[PDB]
Amino acid sequence: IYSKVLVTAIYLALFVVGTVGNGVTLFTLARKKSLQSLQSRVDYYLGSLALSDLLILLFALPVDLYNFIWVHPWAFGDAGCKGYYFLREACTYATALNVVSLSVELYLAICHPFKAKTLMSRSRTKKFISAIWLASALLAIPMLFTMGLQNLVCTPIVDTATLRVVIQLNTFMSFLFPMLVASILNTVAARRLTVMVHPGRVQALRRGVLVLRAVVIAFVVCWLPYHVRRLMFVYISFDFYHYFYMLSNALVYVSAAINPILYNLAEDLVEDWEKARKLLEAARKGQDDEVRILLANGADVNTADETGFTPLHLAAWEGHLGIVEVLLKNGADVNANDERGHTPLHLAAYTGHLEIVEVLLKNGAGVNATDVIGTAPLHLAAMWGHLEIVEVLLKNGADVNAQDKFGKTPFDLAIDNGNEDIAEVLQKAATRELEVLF
Ligand SMILES: COc1cccc(OC)c1-c1cc(C(=O)N[C@]2(C(=O)O)[C@@H]3C[C@H]4C[C@H](C[C@@H]2C4)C3)nn1-c1ccc(C(=O)N(C)CCCN(C)C)cc1C(C)C
């Protein structure tokens, strides 16, 4: 009683946010104008898959929601009968060829960049996608002859042999072949790209491969069970099949409806990650030009790596004052900690960059700040033997006696590594503390 009503609520809900979701996606990518060519041609293939997803929701779902679900006689006529399975057939090819075409174009860009330069174009892609949608429609024409009305049911109008033949050809070159081709190229290209990686066009590639990875997986998730259902008709000849048929078909509508919401959601999340990742690399590498541009875009000043290394940790460690300066200018945290519990002041004192040590303190770095090891900036300056830094550290209220978990003072470490000059400074500095205390 409430079962049929339960599906209605879901199937109608999928139609609303699905039609709109894909609709919004089609208008979004239309107005979109990326400077990198690959970014555009990728989004033309995404826009092509959004149409395929939209057509399925507008034409097929209503026929399913009523005849297939709600009201178990055929009420759409032979024109609508042949049309339902035509459009549904046409969308599988359209989706399949796009998934392949995208992977081919994307593969070429990575593995044959110079060959691709002479071949690929926004113009040719935009045209070629029209040719896809034609071929998709032509390959779907057979299903017009393969279906008809009978006694009132839109049942097949050809032999089981000819029916088992078309589903075989359908499932082969509208799922099996494309998945196979996409999976091979998306693996060969990915391997090449991580090797090439180990800028604008290279950024578009990293995005493009990330997209195609998400596309193919999403494509395989929903269409596999659908094509598995089709495979049954070809080969197999108790009541689980009926349950599998309904779930496999329903999954297509769910995917088509949520994918635009997901893609839009995943984009923003990965965009946040990619911008943040870019800054960490840029700060460590010393490419100040990027860092300045990345900050304006809206990258998090207090991003952290797997270790817990923020831009200020990397910039101070590598010794890029220009970056350390602009990082603090864009509200970077001077007292930020990593895994071990090192502050930028630890790493600036470690490397020995005097100017950076001064700036960190001037912007309010913790001078006695201790890590889990028990070590402090003064220990690291004495350790490496930076006689200039120990001076400016001692100036800014540094605890000379402060010992670590190894029971060693900076004066001990200074004496240990036999930096005679630096060791004499701490002795005199320590004496002053006794007079100050007394
Ligand atoms: C041999 O076929 C199967 C074997 C095992 C599982 C299957 O699908 C889950 C199937 C199965 C596949 C299809 C199928 O592809 N149906 C079509 C399709 O939807 O793609 C339909 C009907 C024909 C014209 C077009 C194109 C296809 C063939 C629309 N229907 N169908 C199917 C589904 C349910 C029932 C059904 O209601 N049953 C009586 C289930 C009985 C199960 N006991 C045998 C245990 C019957 C079939 C066909 C055999 C006609």
# chains A, B, ... in the order shown; residues from 1 in each chain; ligands from 1

call {"tool": "residues_around", "arguments": {"residues": "residue 228 (chain A)", "least_positions_apart": "2", "cutoff": "10 Å", "atoms": "only C-alpha atoms", "output": "JSON, numbers by chain"}}
result
{"A": [171, 223, 224, 225, 226, 230, 231, 232, 233, 244, 245, 248]}

call {"tool": "write_last_selection", "arguments": {"atoms": "C-alpha atoms", "output": "compact mmCIF listing (two decimals), in the first residue's frame"}}
result
# COMPACT_ATOMS: atom_id res chain seq x y z
CA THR A 171 26.12 -3.85 -24.05
CA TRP A 223 25.45 1.39 -15.60
CA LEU A 224 27.23 -1.94 -14.69
CA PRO A 225 24.20 -3.43 -12.82
CA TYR A 226 21.93 -2.08 -15.66
CA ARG A 230 20.78 -6.69 -20.00
CA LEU A 231 23.41 -9.55 -20.07
CA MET A 232 20.76 -11.85 -18.42
CA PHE A 233 18.39 -11.50 -21.48
CA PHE A 244 17.44 -6.84 -9.36
CA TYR A 245 15.66 -5.44 -12.51
CA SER A 248 19.38 -1.73 -11.42

call {"tool": "residues_around", "arguments": {"residues": "region 334-345 of chain A", "least_positions_apart": "5", "cutoff": "6 Å", "atoms": "only C-alpha atoms", "output": "PDB file with N, CA and C atoms, in the first residue's frame"}}
result
ATOM      1  N   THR A 307      52.593  15.800   7.707  1.00  0.00           N
ATOM      2  CA  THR A 307      53.528  15.996   8.849  1.00  0.00           C
ATOM      3  C   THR A 307      52.976  17.063   9.804  1.00  0.00           C
ATOM      4  N   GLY A 308      52.347  18.109   9.254  1.00  0.00           N
ATOM      5  CA  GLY A 308      51.879  19.299   9.991  1.00  0.00           C
ATOM      6  C   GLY A 308      52.701  20.533   9.654  1.00  0.00           C
ATOM      7  N   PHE A 309      53.397  20.517   8.511  1.00  0.00           N
ATOM      8  CA  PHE A 309      54.242  21.628   7.997  1.00  0.00           C
ATOM      9  C   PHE A 309      53.359  22.645   7.267  1.00  0.00           C
ATOM     10  N   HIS A 313      56.347  27.192   8.175  1.00  0.00           N
ATOM     11  CA  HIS A 313      57.322  26.131   8.556  1.00  0.00           C
ATOM     12  C   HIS A 313      58.282  25.864   7.391  1.00  0.00           C
ATOM     13  N   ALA A 316      60.371  29.306   6.244  1.00  0.00           N
ATOM     14  CA  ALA A 316      61.380  29.574   7.297  1.00  0.00           C
ATOM     15  C   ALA A 316      62.481  28.507   7.252  1.00  0.00           C
ATOM     16  N   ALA A 365      56.884  35.363  17.912  1.00  0.00           N
ATOM     17  CA  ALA A 365      57.245  33.932  18.049  1.00  0.00           C
ATOM     18  C   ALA A 365      57.603  33.635  19.511  1.00  0.00           C
ATOM     19  N   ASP A 371      59.298  21.675  21.907  1.00  0.00           N
ATOM     20  CA  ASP A 371      58.687  20.546  21.154  1.00  0.00           C
ATOM     21  C   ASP A 371      58.537  19.355  22.110  1.00  0.00           C
ATOM     22  N   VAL A 372      58.034  18.221  21.613  1.00  0.00           N
ATOM     23  CA  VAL A 372      57.857  16.965  22.405  1.00  0.00           C
ATOM     24  C   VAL A 372      59.238  16.458  22.849  1.00  0.00           C
TER      25      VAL A 372
END

call {"tool": "residues_around", "arguments": {"residues": "residue 358 (chain A)", "least_positions_apart": "5", "cutoff": "12 Å", "atoms": "only C-alpha atoms", "output": "compact mmCIF listing (two decimals) with C-alpha atoms, in the first residue's frame"}}
result
# COMPACT_ATOMS: atom_id res chain seq x y z
CA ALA A 316 61.38 29.57 7.30
CA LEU A 321 62.06 35.66 3.91
CA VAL A 324 57.71 34.37 5.33
CA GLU A 325 57.09 38.19 5.18
CA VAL A 334 53.87 32.47 14.01
CA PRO A 344 58.73 28.34 12.47
CA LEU A 345 61.28 29.85 14.98
CA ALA A 348 64.57 29.41 11.12
CA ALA A 349 67.03 28.90 14.06
CA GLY A 352 70.26 29.71 10.56
CA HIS A 353 68.33 32.44 8.61
CA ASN A 363 55.58 39.14 14.78
CA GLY A 364 55.58 37.41 18.23
CA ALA A 365 57.25 33.93 18.05
CA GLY A 366 57.61 31.95 21.34
CA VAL A 367 61.38 32.11 22.16
CA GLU A 388 74.66 35.72 15.47
CA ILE A 389 71.20 34.10 16.13
CA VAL A 390 71.92 33.09 19.82
CA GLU A 391 72.53 36.89 20.34
CA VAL A 392 69.06 37.98 18.99
CA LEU A 393 67.46 34.90 20.73
CA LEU A 394 69.11 35.79 24.12
CA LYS A 395 67.92 39.44 23.53
CA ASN A 396 64.25 38.24 23.26

call {"tool": "closest_atom_pairs", "arguments": {"of": "chain A", "to": "ligand 1", "cutoff": "9 Å", "atoms": "only C-alpha atoms and all ligand atoms", "output": "CSV"}}
result
residue,atom,partner,partner_atom_place_in_ligand_line,distance
A:85,CA,ligand 1,25 (C),7.3
A:143,CA,ligand 1,25 (C),8.5
A:146,CA,ligand 1,24 (C),7.4
A:147,CA,ligand 1,24 (C),6.5
A:154,CA,ligand 1,29 (C),8.0
A:155,CA,ligand 1,24 (C),5.8
A:156,CA,ligand 1,24 (C),4.6
A:157,CA,ligand 1,24 (C),8.3
A:160,CA,ligand 1,28 (C),8.4
A:163,CA,ligand 1,28 (C),6.8
A:164,CA,ligand 1,28 (C),8.1
A:167,CA,ligand 1,26 (C),7.4
A:226,CA,ligand 1,20 (O),8.6
A:227,CA,ligand 1,20 (O),8.8
A:228,CA,ligand 1,8 (O),8.4
A:229,CA,ligand 1,8 (O),4.9
A:230,CA,ligand 1,15 (O),4.4
A:231,CA,ligand 1,12 (C),7.3
A:232,CA,ligand 1,4 (C),4.3
A:233,CA,ligand 1,2 (O),3.5
A:234,CA,ligand 1,1 (C),6.6
A:235,CA,ligand 1,1 (C),6.8
A:236,CA,ligand 1,1 (C),4.9
A:237,CA,ligand 1,1 (C),4.9
A:238,CA,ligand 1,45 (C),2.9
A:239,CA,ligand 1,45 (C),5.1
A:240,CA,ligand 1,45 (C),7.1
A:241,CA,ligand 1,9 (C),3.9
A:242,CA,ligand 1,34 (C),4.8
A:243,CA,ligand 1,9 (C),7.4
A:244,CA,ligand 1,9 (C),5.3
A:245,CA,ligand 1,9 (C),4.2
A:246,CA,ligand 1,9 (C),8.0
A:248,CA,ligand 1,9 (C),8.4
A:249,CA,ligand 1,19 (O),8.7

call {"tool": "residues_around", "arguments": {"residues": "residue 375 (chain A)", "least_positions_apart": "5", "cutoff": "10 Å", "atoms": "only C-alpha atoms", "output": "short mmCIF file (atom, residue, chain, number, x, y, z; two decimals) with C-alpha atoms, in the first residue's frame"}}
result
data_model
loop_
_atom_site.label_atom_id
_atom_site.label_comp_id
_atom_site.auth_asym_id
_atom_site.auth_seq_id
_atom_site.Cartn_x
_atom_site.Cartn_y
_atom_site.Cartn_z
CA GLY A 341 55.95 20.25 17.84
CA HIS A 342 58.44 22.55 15.98
CA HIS A 346 62.74 26.31 15.61
CA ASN A 368 61.33 29.36 24.89
CA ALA A 369 58.71 27.34 22.85
CA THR A 370 59.45 23.58 23.43
CA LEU A 380 69.15 24.41 17.70
CA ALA A 402 66.24 25.42 29.93
CA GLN A 403 67.21 21.69 29.45
CA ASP A 404 65.59 19.05 27.13
CA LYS A 405 64.32 15.42 27.72
CA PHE A 406 67.98 14.28 27.03
CA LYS A 408 71.26 18.73 27.94
CA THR A 409 71.27 22.61 28.09
CA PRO A 410 72.07 24.74 24.97
#

call {"tool": "select_by_dssp", "arguments": {"residues": "region 161-380 of chain A", "states": "helix (DSSP H, G or I)", "output": "ChimeraX atom specification"}}
result
/A:161-197,200-234,240-285,288-297,311-318,321-329,344-351,354-362,377-380

call {"tool": "atom_distance", "arguments": {"atom1": "CA of residue 169 (chain A)", "atom2": "CA of residue 75 (chain A)"}}
result
29.4 Å

call {"tool": "atom_distance", "arguments": {"atom1": "CA of residue 98 (chain A)", "atom2": "CA of residue 141 (chain A)"}}
result
19.1 Å

call {"tool": "closest_residue", "arguments": {"among": "A:221, A:383, A:426, A:108", "to": "residue 251 (chain A)", "atoms": "only C-alpha atoms"}}
result
A:221

call {"tool": "residues_around", "arguments": {"residues": "region 299-304 of chain A", "least_positions_apart": "4", "cutoff": "8 Å", "atoms": "only C-alpha atoms", "output": "number ranges by chain"}}
result
A: 272, 275-276, 279-280, 294-295, 308-311, 327, 330-333

call {"tool": "residues_around", "arguments": {"residues": "residue 48 (chain A)", "least_positions_apart": "4", "cutoff": "9 Å", "atoms": "only C-alpha atoms", "output": "number ranges by chain"}}
result
A: 26, 43-44, 52-53, 94-95, 98, 129, 133

call {"tool": "write_last_selection", "arguments": {"atoms": "C-alpha atoms", "output": "CSV table (one decimal), in the first residue's frame"}}
result
chain,number,residue,atom,x,y,z
A,26,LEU,CA,24.4,22.6,-18.7
A,43,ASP,CA,33.9,20.7,-19.6
A,44,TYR,CA,32.4,20.2,-23.1
A,52,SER,CA,22.5,12.4,-21.5
A,53,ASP,CA,21.7,12.4,-17.7
A,94,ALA,CA,26.2,9.2,-26.1
A,95,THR,CA,27.4,8.7,-22.5
A,98,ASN,CA,31.9,10.9,-24.4
A,129,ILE,CA,30.6,16.0,-29.8
A,133,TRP,CA,25.2,12.7,-30.6

call {"tool": "atom_distance", "arguments": {"atom1": "CA of residue 11 (chain A)", "atom2": "CA of residue 71 (chain A)"}}
result
14.2 Å

call {"tool": "select_by_dssp", "arguments": {"residues": "region 124-233 of chain A", "states": "strand (DSSP E)", "output": "short mmCIF file (atom, residue, chain, number, x, y, z; two decimals) with C-alpha atoms, in the first residue's frame"}}
result
data_model
loop_
_atom_site.label_atom_id
_atom_site.label_comp_id
_atom_site.auth_asym_id
_atom_site.auth_seq_id
_atom_site.Cartn_x
_atom_site.Cartn_y
_atom_site.Cartn_z
CA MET A 147 9.94 -2.67 -29.96
CA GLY A 148 6.14 -2.24 -30.48
CA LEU A 149 2.62 -2.57 -28.93
CA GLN A 150 0.84 -5.98 -28.47
CA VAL A 153 2.02 -3.95 -23.62
CA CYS A 154 5.08 -2.28 -25.31
CA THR A 155 6.70 -5.76 -25.85
CA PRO A 156 9.44 -6.75 -28.38
#

call {"tool": "residues_around", "arguments": {"residues": "residue 63 (chain A)", "least_positions_apart": "2", "cutoff": "12 Å", "atoms": "only C-alpha atoms", "output": "ChimeraX atom specification"}}
result
/A:11,56-61,65-72,74-77,80-81,83-85,87-88,154

call {"tool": "write_last_selection", "arguments": {"atoms": "C-alpha atoms", "output": "compact mmCIF listing (two decimals), in the first residue's frame"}}
result
# COMPACT_ATOMS: atom_id res chain seq x y z
CA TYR A 11 11.11 8.97 -8.15
CA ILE A 56 16.97 10.12 -19.17
CA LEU A 57 15.21 12.05 -16.31
CA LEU A 58 12.82 14.10 -18.56
CA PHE A 59 11.65 11.33 -21.01
CA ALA A 60 12.42 7.87 -19.47
CA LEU A 61 11.68 8.40 -15.70
CA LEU A 65 7.28 6.12 -12.68
CA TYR A 66 3.80 5.42 -14.26
CA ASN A 67 3.76 2.27 -16.51
CA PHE A 68 6.80 0.41 -14.98
CA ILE A 69 5.89 1.28 -11.30
CA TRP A 70 2.56 3.15 -10.62
CA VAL A 71 0.12 1.46 -13.13
CA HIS A 72 1.11 -2.16 -14.11
CA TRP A 74 0.56 0.69 -22.10
CA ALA A 75 -0.74 4.33 -22.26
CA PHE A 76 1.99 6.09 -24.41
CA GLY A 77 1.24 4.47 -27.85
CA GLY A 80 6.05 6.53 -27.37
CA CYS A 81 6.81 2.76 -26.91
CA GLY A 83 10.59 6.24 -28.59
CA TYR A 84 11.20 5.31 -24.89
CA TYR A 85 13.71 2.50 -25.76
CA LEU A 87 16.07 7.68 -26.40
CA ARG A 88 17.20 5.30 -23.56
CA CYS A 154 5.08 -2.28 -25.31

call {"tool": "closest_residue", "arguments": {"among": "A:189, A:12, A:17, A:158", "to": "residue 258 (chain A)", "atoms": "only C-alpha atoms"}}
result
A:17

call {"tool": "closest_residue", "arguments": {"among": "A:184, A:356, A:266, A:10", "to": "residue 210 (chain A)", "atoms": "only C-alpha atoms"}}
result
A:266

call {"tool": "decode", "arguments": {"residues": "region 148-195 of chain A", "atoms": "N, CA and C atoms", "output": "PDB file, in the first residue's frame"}}
result
ATOM      1  N   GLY A 148       7.494  -2.595 -30.016  1.00  0.00           N
ATOM      2  CA  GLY A 148       6.140  -2.241 -30.485  1.00  0.00           C
ATOM      3  C   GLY A 148       5.069  -2.585 -29.460  1.00  0.00           C
ATOM      4  N   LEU A 149       3.811  -2.247 -29.759  1.00  0.00           N
ATOM      5  CA  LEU A 149       2.617  -2.566 -28.926  1.00  0.00           C
ATOM      6  C   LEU A 149       2.139  -3.987 -29.251  1.00  0.00           C
ATOM      7  N   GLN A 150       1.411  -4.613 -28.321  1.00  0.00           N
ATOM      8  CA  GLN A 150       0.841  -5.980 -28.473  1.00  0.00           C
ATOM      9  C   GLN A 150      -0.229  -6.210 -27.398  1.00  0.00           C
ATOM     10  N   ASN A 151      -1.019  -7.281 -27.545  1.00  0.00           N
ATOM     11  CA  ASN A 151      -2.096  -7.685 -26.599  1.00  0.00           C
ATOM     12  C   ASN A 151      -1.899  -9.157 -26.216  1.00  0.00           C
ATOM     13  N   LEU A 152      -2.605  -4.579 -23.562  1.00  0.00           N
ATOM     14  CA  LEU A 152      -1.797  -3.481 -24.162  1.00  0.00           C
ATOM     15  C   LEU A 152      -0.430  -3.421 -23.472  1.00  0.00           C
ATOM     16  N   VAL A 153       0.623  -3.887 -24.152  1.00  0.00           N
ATOM     17  CA  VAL A 153       2.017  -3.948 -23.619  1.00  0.00           C
ATOM     18  C   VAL A 153       2.999  -3.574 -24.734  1.00  0.00           C
ATOM     19  N   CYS A 154       3.917  -2.643 -24.449  1.00  0.00           N
ATOM     20  CA  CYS A 154       5.075  -2.281 -25.311  1.00  0.00           C
ATOM     21  C   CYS A 154       6.127  -3.396 -25.212  1.00  0.00           C
ATOM     22  N   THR A 155       5.864  -4.531 -25.867  1.00  0.00           N
ATOM     23  CA  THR A 155       6.705  -5.760 -25.846  1.00  0.00           C
ATOM     24  C   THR A 155       7.531  -5.827 -27.129  1.00  0.00           C
ATOM     25  N   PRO A 156       8.611  -6.643 -27.173  1.00  0.00           N
ATOM     26  CA  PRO A 156       9.437  -6.752 -28.377  1.00  0.00           C
ATOM     27  C   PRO A 156       8.651  -7.319 -29.569  1.00  0.00           C
ATOM     28  N   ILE A 157       9.056  -6.949 -30.788  1.00  0.00           N
ATOM     29  CA  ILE A 157       8.378  -7.328 -32.064  1.00  0.00           C
ATOM     30  C   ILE A 157       9.387  -8.018 -32.992  1.00  0.00           C
ATOM     31  N   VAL A 158      10.333  -8.778 -32.424  1.00  0.00           N
ATOM     32  CA  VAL A 158      11.345  -9.588 -33.173  1.00  0.00           C
ATOM     33  C   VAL A 158      11.677 -10.849 -32.364  1.00  0.00           C
ATOM     34  N   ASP A 159      12.375 -11.802 -32.990  1.00  0.00           N
ATOM     35  CA  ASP A 159      12.760 -13.113 -32.398  1.00  0.00           C
ATOM     36  C   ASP A 159      13.732 -12.884 -31.234  1.00  0.00           C
ATOM     37  N   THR A 160      13.781 -13.832 -30.289  1.00  0.00           N
ATOM     38  CA  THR A 160      14.680 -13.825 -29.102  1.00  0.00           C
ATOM     39  C   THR A 160      16.143 -13.784 -29.562  1.00  0.00           C
ATOM     40  N   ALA A 161      16.450 -14.421 -30.698  1.00  0.00           N
ATOM     41  CA  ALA A 161      17.788 -14.450 -31.335  1.00  0.00           C
ATOM     42  C   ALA A 161      18.218 -13.024 -31.697  1.00  0.00           C
ATOM     43  N   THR A 162      17.433 -12.348 -32.544  1.00  0.00           N
ATOM     44  CA  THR A 162      17.676 -10.959 -33.024  1.00  0.00           C
ATOM     45  C   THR A 162      17.676  -9.990 -31.835  1.00  0.00           C
ATOM     46  N   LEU A 163      16.857 -10.270 -30.816  1.00  0.00           N
ATOM     47  CA  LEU A 163      16.769  -9.486 -29.554  1.00  0.00           C
ATOM     48  C   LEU A 163      18.043  -9.698 -28.727  1.00  0.00           C
ATOM     49  N   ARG A 164      18.503 -10.949 -28.608  1.00  0.00           N
ATOM     50  CA  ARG A 164      19.740 -11.328 -27.871  1.00  0.00           C
ATOM     51  C   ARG A 164      20.972 -10.773 -28.601  1.00  0.00           C
ATOM     52  N   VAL A 165      20.865 -10.551 -29.916  1.00  0.00           N
ATOM     53  CA  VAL A 165      21.960 -10.023 -30.787  1.00  0.00           C
ATOM     54  C   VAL A 165      22.149  -8.526 -30.514  1.00  0.00           C
ATOM     55  N   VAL A 166      21.063  -7.744 -30.538  1.00  0.00           N
ATOM     56  CA  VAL A 166      21.101  -6.255 -30.403  1.00  0.00           C
ATOM     57  C   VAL A 166      21.562  -5.876 -28.988  1.00  0.00           C
ATOM     58  N   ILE A 167      21.062  -6.563 -27.952  1.00  0.00           N
ATOM     59  CA  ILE A 167      21.444  -6.320 -26.526  1.00  0.00           C
ATOM     60  C   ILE A 167      22.939  -6.623 -26.364  1.00  0.00           C
ATOM     61  N   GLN A 168      23.422  -7.693 -27.005  1.00  0.00           N
ATOM     62  CA  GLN A 168      24.856  -8.089 -27.035  1.00  0.00           C
ATOM     63  C   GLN A 168      25.681  -6.939 -27.626  1.00  0.00           C
ATOM     64  N   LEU A 169      25.326  -6.489 -28.834  1.00  0.00           N
ATOM     65  CA  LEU A 169      25.998  -5.368 -29.551  1.00  0.00           C
ATOM     66  C   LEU A 169      25.863  -4.079 -28.732  1.00  0.00           C
ATOM     67  N   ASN A 170      24.674  -3.814 -28.179  1.00  0.00           N
ATOM     68  CA  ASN A 170      24.399  -2.639 -27.309  1.00  0.00           C
ATOM     69  C   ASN A 170      25.384  -2.649 -26.134  1.00  0.00           C
ATOM     70  N   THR A 171      25.355  -3.711 -25.325  1.00  0.00           N
ATOM     71  CA  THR A 171      26.117  -3.846 -24.053  1.00  0.00           C
ATOM     72  C   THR A 171      27.627  -3.854 -24.325  1.00  0.00           C
ATOM     73  N   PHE A 172      28.060  -4.310 -25.507  1.00  0.00           N
ATOM     74  CA  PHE A 172      29.495  -4.398 -25.893  1.00  0.00           C
ATOM     75  C   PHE A 172      30.076  -2.994 -26.098  1.00  0.00           C
ATOM     76  N   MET A 173      29.557  -2.261 -27.090  1.00  0.00           N
ATOM     77  CA  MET A 173      30.134  -0.978 -27.584  1.00  0.00           C
ATOM     78  C   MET A 173      29.355   0.220 -27.019  1.00  0.00           C
ATOM     79  N   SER A 174      28.577   0.019 -25.948  1.00  0.00           N
ATOM     80  CA  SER A 174      27.953   1.103 -25.142  1.00  0.00           C
ATOM     81  C   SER A 174      28.210   0.882 -23.642  1.00  0.00           C
ATOM     82  N   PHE A 175      29.165   0.014 -23.279  1.00  0.00           N
ATOM     83  CA  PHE A 175      29.607  -0.200 -21.872  1.00  0.00           C
ATOM     84  C   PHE A 175      30.935  -0.967 -21.795  1.00  0.00           C
ATOM     85  N   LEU A 176      31.023  -2.160 -22.391  1.00  0.00           N
ATOM     86  CA  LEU A 176      32.196  -3.068 -22.233  1.00  0.00           C
ATOM     87  C   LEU A 176      33.437  -2.447 -22.885  1.00  0.00           C
ATOM     88  N   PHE A 177      33.381  -2.169 -24.191  1.00  0.00           N
ATOM     89  CA  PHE A 177      34.479  -1.547 -24.982  1.00  0.00           C
ATOM     90  C   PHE A 177      34.892  -0.215 -24.356  1.00  0.00           C
ATOM     91  N   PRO A 178      33.959   0.746 -24.136  1.00  0.00           N
ATOM     92  CA  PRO A 178      34.323   2.066 -23.612  1.00  0.00           C
ATOM     93  C   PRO A 178      35.007   2.024 -22.236  1.00  0.00           C
ATOM     94  N   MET A 179      34.428   1.293 -21.277  1.00  0.00           N
ATOM     95  CA  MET A 179      35.024   1.024 -19.938  1.00  0.00           C
ATOM     96  C   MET A 179      36.464   0.529 -20.124  1.00  0.00           C
ATOM     97  N   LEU A 180      36.656  -0.482 -20.979  1.00  0.00           N
ATOM     98  CA  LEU A 180      37.968  -1.126 -21.270  1.00  0.00           C
ATOM     99  C   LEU A 180      38.955  -0.077 -21.791  1.00  0.00           C
ATOM    100  N   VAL A 181      38.555   0.690 -22.811  1.00  0.00           N
ATOM    101  CA  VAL A 181      39.402   1.725 -23.478  1.00  0.00           C
ATOM    102  C   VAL A 181      39.712   2.842 -22.472  1.00  0.00           C
ATOM    103  N   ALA A 182      38.688   3.359 -21.785  1.00  0.00           N
ATOM    104  CA  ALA A 182      38.796   4.450 -20.788  1.00  0.00           C
ATOM    105  C   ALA A 182      39.742   4.037 -19.654  1.00  0.00           C
ATOM    106  N   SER A 183      39.591   2.811 -19.143  1.00  0.00           N
ATOM    107  CA  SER A 183      40.372   2.252 -18.005  1.00  0.00           C
ATOM    108  C   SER A 183      41.846   2.077 -18.390  1.00  0.00           C
ATOM    109  N   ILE A 184      42.127   1.680 -19.635  1.00  0.00           N
ATOM    110  CA  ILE A 184      43.513   1.471 -20.155  1.00  0.00           C
ATOM    111  C   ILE A 184      44.210   2.834 -20.267  1.00  0.00           C
ATOM    112  N   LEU A 185      43.609   3.775 -21.001  1.00  0.00           N
ATOM    113  CA  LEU A 185      44.183   5.119 -21.288  1.00  0.00           C
ATOM    114  C   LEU A 185      44.303   5.921 -19.987  1.00  0.00           C
ATOM    115  N   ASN A 186      43.286   5.849 -19.118  1.00  0.00           N
ATOM    116  CA  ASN A 186      43.225   6.574 -17.819  1.00  0.00           C
ATOM    117  C   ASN A 186      44.286   6.023 -16.857  1.00  0.00           C
ATOM    118  N   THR A 187      44.793   4.810 -17.111  1.00  0.00           N
ATOM    119  CA  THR A 187      45.883   4.158 -16.336  1.00  0.00           C
ATOM    120  C   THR A 187      47.241   4.526 -16.948  1.00  0.00           C
ATOM    121  N   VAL A 188      47.373   4.429 -18.276  1.00  0.00           N
ATOM    122  CA  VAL A 188      48.635   4.724 -19.022  1.00  0.00           C
ATOM    123  C   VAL A 188      48.973   6.210 -18.838  1.00  0.00           C
ATOM    124  N   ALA A 189      47.974   7.085 -18.998  1.00  0.00           N
ATOM    125  CA  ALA A 189      48.100   8.559 -18.893  1.00  0.00           C
ATOM    126  C   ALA A 189      48.444   8.956 -17.452  1.00  0.00           C
ATOM    127  N   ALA A 190      47.729   8.396 -16.470  1.00  0.00           N
ATOM    128  CA  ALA A 190      47.917   8.655 -15.021  1.00  0.00           C
ATOM    129  C   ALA A 190      49.359   8.326 -14.614  1.00  0.00           C
ATOM    130  N   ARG A 191      49.869   7.167 -15.048  1.00  0.00           N
ATOM    131  CA  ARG A 191      51.252   6.687 -14.771  1.00  0.00           C
ATOM    132  C   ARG A 191      52.266   7.665 -15.380  1.00  0.00           C
ATOM    133  N   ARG A 192      52.032   8.089 -16.626  1.00  0.00           N
ATOM    134  CA  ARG A 192      52.869   9.073 -17.365  1.00  0.00           C
ATOM    135  C   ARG A 192      52.862  10.414 -16.620  1.00  0.00           C
ATOM    136  N   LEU A 193      51.698  10.825 -16.105  1.00  0.00           N
ATOM    137  CA  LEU A 193      51.462  12.176 -15.527  1.00  0.00           C
ATOM    138  C   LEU A 193      52.171  12.303 -14.172  1.00  0.00           C
ATOM    139  N   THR A 194      52.100  11.270 -13.325  1.00  0.00           N
ATOM    140  CA  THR A 194      52.792  11.206 -12.006  1.00  0.00           C
ATOM    141  C   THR A 194      54.309  11.154 -12.229  1.00  0.00           C
ATOM    142  N   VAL A 195      54.753  10.562 -13.345  1.00  0.00           N
ATOM    143  CA  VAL A 195      56.182  10.522 -13.779  1.00  0.00           C
ATOM    144  C   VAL A 195      56.586  11.916 -14.275  1.00  0.00           C
TER     145      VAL A 195
END
